[PDB]
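A, B, C, D and E label the chains in the order they appear, each numbered from 1.
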């Protein structure tokens, strides 16, 4: 039983994020728990303040015609309990629900440990015989407590795209809004726990430049290469199969190289030190002790710049 | 209260994928969230446009007779909220729901990291005393937004098998349709993270051809063999118990060999270098330095061709 | 409001497996999704074909008296949607539902990787003041599509025990039926991934029979023993705490031995080669190179026979 | 509408375990699926056998006043379907439901692999204006089929504490009963898979007493220490964070010691054999070959006795 | 149909924790199962004790006006069954439900293994045309049995913030309460299983100060570094991505250092003992045998103090 309008009925929206949590990098989802604030003029039930009752008259959902406001990017049906419905004199309705649903917004892992994200919530609404345009009411969109959690992420701002995008979808126009949750990552636990430990093993790796014992040079370069796999695998697990290249995926892989040429050197410092030409060997070994850390720190400036600086 | 027909009542179907996600290779399932569009002539409620009401008349599901359209390959009951029902003059009904259910479609891991898949959604419908044939309406089957996600997979096309397959199941004919979601994998994160690291350790493995120290040769070939298990196990975990052989399961196992004969060589380069016959030893060792990488790259062309090229 | 009988009312059952999946070895359960077909004479609503209506008259569950058919070995309440109810003239009722519930049937892991299983579904029914006997109608028990999945298992046959087992349970006789799902395992992925890799490490283990370097013999026998734990642990995890002995649990453990006496030998080949008695040492070492693989392959014939052959 | 009594109305209880399963040591819970048998005199609906109807009259739950019998230690609401209600002449009611709920009973891991447990189910009932005392009827408490499963546990007995415990909880007396499920563990798969493998590695550990090569002694004692972690971690995972000490937690940790002093010895057998005092070294090494296994087997009798014997 | 008041209607709250469990450090949540006790004066249904019925009159929820009391920090809708409603003469209502919901309270891992926590449950309530203030009734808040479980945590006290916090949220004041669950961890299983084993490997690490064999010194310091990753990874897994530094994350990382300079020393004890200057080498090595354990135990006092002592 929809509201007999004279033009496209505007529905007024708003989201008050109450709780954020379980942002799942692998799955590219996250769970939210918020208020949904809707409103519209249904002149059809305006109501003579003086003549009867009081200021505003409370209805149960069955009584009034309510607009179906579906969330677009949601795993299952949104999970909402209705909080209050308050029809104004002029026929204006004040709806408030408190849904919670896991939302499917994508993430850009291009700078992985040091990335910022922009999550989305959508809200479509389909037309019947009056057209429905949705739009935001910013006093119910200040939505975000001063307690919005979302572990391991700094929450920058909850805003929304005022202008809706109105489609024609299957011979019936819909109207979609864009609610934006912007967050930077709390990179850090990534250093004492990944970045640093990863570097340390790389350095030990090439302690075998000041060494001549092949036995203790392979026991050297090789033992550490293993440990680095232990970190490549640790990192690769809390992170999805990107079709592009991560930052840490870069350096973690560039690392795989300074373990090859490292093992190349120690290997050649020997089919060159049994070839009774230690003239050359400890020439190269002497040299690696510079080329390596330099070319590294150099390619890390080259690499890092290639990602952040551009 | 079914629609008094004169022949098999055609029901017209359609699916607009709104969201795709949680494709689970182990479980061989995936979750979808779409529109379901149905329609049929129930002349029994045609309705004199002029004589009353308006262009089209809205019903609640309880009022009209609606066809039970069950999804075949679904874990639990599909999870659908009804979006609109609009009966036309002639008695034509326009139904639209927005279900979300995890679907059980199988996958072919024969090319694992480089595989393409064809997921299915089914839709049966059982007959009563008028027969029901289902069939697709392609304006509600263009189903797939321009945002269909499905992480780590490229989505190629959402189509469907126009011709239904009508069974006789328990003295009552059913009619089933086939909705096809075709996707290729985003192989890649499989290289910097599996393929390459896996290769590197294999190479270092057989650096012990330019070496004579047994101690540093087993410390050599053996250390890396371990690391390779660390990758065989990593890979074997995000992948189900196929009764056939995966591609990466092949090469990952062919790899287990070039670690055995590698260990064979270093082992014989010694019961042959203590047998005061280093004549022979550093003949073999010298040789392995070719046989190995060749036979490998050879068996990789042999292997790769055996999977992709045929 | 039960059917006024003259003797024990027979209820006629039937299950059409539509989907099988999530067989969980650890949990000893599995999920099924099937049809449930029931039928009985309730003469009390026989209905004068000519005098009124038509051939068969459709009821909603609230209208008719229906027998409670509970599933015995089920985790929670069975999860069923009712598909059709069709009362015949004589008063015969035709009921059909489409339940899905995870079933708790036990498994016998005595031959683990090479085992066949017989899963059960039960169906009791309690009496009131007429006795209820259940029994099977085999045209609705041909239940099993030609698509019954159940990953990593070959499905041999869906049958059922015609004769019911009628208990007296708490001063009211019940009647239980036995629906049997027989499946063999797809042992195989167990070879390239467990059996073979497990053997290979055992072999390398005792390459240290053709060796004299204690350093590279412990680096030898010992490194492999580790790797075998890596497999004992892998296997032990996808498998419950049996009070009996698995097959692979046997050989996996018999393996632990050929790594002890292996380590025993290498160890004695030395407190006997420093005891300036290499007379004896390279007598034993020479010998082990036979005793071991023989006694193994011998005890594997002895073991294998002990499980399968008996 | 409760039963007008003259004193505390006795409600008669009973539980027929139909199915047991998913005992979860980590979570300290388990799932059961049983019958619940209740009964009480509601003289208020006694009913003139001859004057009307028959021997006993069947009611739907809505018709009669039924006592709320909540289970105390249950995760969520118990999940029950009602099986039959049969009011006797005198006004006696016969109630039977078939619930299934996961129960939260605690476990005592003090003897871990060799422990026996006593699981509980509770049943309270709150009073209104007549007091409710619950009590057991032992013909509906013989509850336990001859098929009660519960994998990896031997089921010893299903009994119950006849005398209820009546509390005063919030100005209204409740009455609670105690249903006892006693089970011993099927320790065993713990030997071929944990105990034995764990010992074997410990023994090889100290094969390095009959050795002099430091390289092969660290490669010896150390390699095995790792493997033992692989077991400590395996065990620690299928077992919760006890505030007390497990049995296997003891020996698994006492083991950590015989790997330290083991490594201590091999280490000192060398800063004492390079100190040109091999006089002493192979005095100690000689000695360890006894002290160790003895002190172990000694501390294992000391330890084992400390747990089981007391 | 709300209670015609003369001022802000006070609603009187109370929570009796019946069960605690599944505290999930990763997810920062936990499940509770408690009583919820509400009460308020609805003079509108006061009821002439003598004139009719009895002392107190029982209602079903549909009959009375009940306040919506939503829990704030909850994943999904709270899961509550209603236990009793008892309206007093004066019009006072006595409500009791038994909900169970997983709650989202944050945790402070700054002292990880030795941390104490303060979990929250919230309860808001929105106003309509009479204002709603909530407040606690402490005889129904003594909520916590003498069996409150919560594995691996010592439960210190269940209390609540008497004074509510009244917001203005979207043109309608709400009122929120704070129920506090305080718990210390059962650190301990963290010692025999993490702390101690972690230390032991560190010590063995630097046994290679009383050694001169580079081969057995890298086989020494390096083997253990690996094992330490095995612990860093074990610990890092049962713990979320803190933006701050854990205690065990500190020492676990400070440990990474005493493995670097350890490896630095053994490495320099050699490009200095081949440089025919063993004058210096076994000067340094001699020294490390003190500097290390001291600087450690020193930096552990420095570190530990930095977390607990401040």
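To be clear about the criterion, a contact is a pair of C-beta atoms (placed from the backbone, for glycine too) under 8 Å apart; a residue touches a chain by one contact, two chains touch by 3 or more.
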Joint neighbours of chain D and chain A, given as chain labels: E
Touching chain D and also chain E, the following chains: none
Inter-chain centre distance, chain B versus chain E - centres from mean C-alpha coordinates, in Å: 39
Whole-Å gap between the CA centroids of chain A and chain B: 25
Per-residue overlap in chain B, given as positions that touch at least 2 other chains: 215, 219, 226
Residues on chain A engaged by chain B in the complex (per definition of touch): 27-29, 68, 70, 72-77, 104, 106, 126, 128-129, 169-171, 214-219, 222-223, 225-226, 229-230, 232-233, 236, 240-245, 249, 252-253, 256, 259-260, 263, 267, 270-271, 274
Complex interface listing, chain A residues touching chain E: 14, 16, 18-19, 21-22, 31, 33, 35, 37, 54-56, 58, 79, 81, 83-84, 86, 96, 98, 100, 139-140, 149, 151-152, 154, 186, 188-190, 192-193, 196-197, 200-201, 203-204, 207-208, 210-213, 215-216, 219-220, 223-224, 226-227, 230-231, 234
